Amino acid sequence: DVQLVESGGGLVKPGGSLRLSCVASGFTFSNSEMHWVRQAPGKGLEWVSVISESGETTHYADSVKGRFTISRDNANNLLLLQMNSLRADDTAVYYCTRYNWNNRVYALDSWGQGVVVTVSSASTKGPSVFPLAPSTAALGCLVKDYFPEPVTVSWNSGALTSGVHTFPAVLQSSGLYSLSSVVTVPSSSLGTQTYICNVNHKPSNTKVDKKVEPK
């Protein structure tokens, strides 16, 4: 079975370097032209680089040429992308993919699972959880000023999911992430039913259970 497994992503400060790797299995790697393709958060696909089957021909997109280097080790079924002088623009999920022309499939045939690359000067910081109190009512939790992704949110330890909306995080000007999770509930249950939001931020070992009640 054809499989491409990627590794090597992580956090890097601006100007830093980072080496991504892709391991191939279930096909003749040495007979496969390979590409790196990236996708910034909330954006489309953008081609990064290509290397031929033998490794003797490579091509790059303009924005990464001279900063990135694609390479391969056909003996070890290995494809590599060395990224230097990284900037915020380079923040993206990076995919490894084969262009299967030798099998008359003239397109990006097989894809890896993708690996996250974040370029930021921010440091690890746990989120602060603030209550969006109610006054059918709506209540919620504001999970603010954390780094890096991700944060998980649940209500009543997973017992409450109906009417829950956990919004995608946004990247604020400060370089820290923020997020909101809300739930609509019957107004009658505001005084009797208890509503607790559980916020987990593993990168900082943060676990917060905040009870949301009318002010």
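In this text, residue numbers run from 1 along the sequence as written.
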(Q) Between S121 and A122, what class does the number of missing deposited residues fall in: none, 1 to 3, 4 to 9, or 10 or more? (A) none
(Q) Using only C-alpha atoms and the B-factors in the entry, which stretch averages higher, 136 to 144 or 91 to 99? (A) 136 to 144
(Q) Test of understanding: from the entry's C-alpha B-factors, which stretch has the higher mean, 184 to 192 or 157 to 165? (A) 184 to 192
Q | Relative C-alpha B-factor of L179, binned into the chain's lowest, middle or highest third | A | middle
(Q) Sorting by Cα B-factor within the chain, modelled residues only, which third would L171 end up in: lowest, middle or highest? (A) middle
Q: Sorting the chain's modelled residues by C-alpha B-factor, tell me whether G66 ends up in the lowest, middle or highest third.
A: highest
Q. Which third, lowest, middle or highest, does the CA B-factor of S110 fall in along this chain?
A. lowest
Q: Could you tell me which third, lowest, middle or highest, the C-alpha B-factor of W47 occupies within its chain?
A: highest
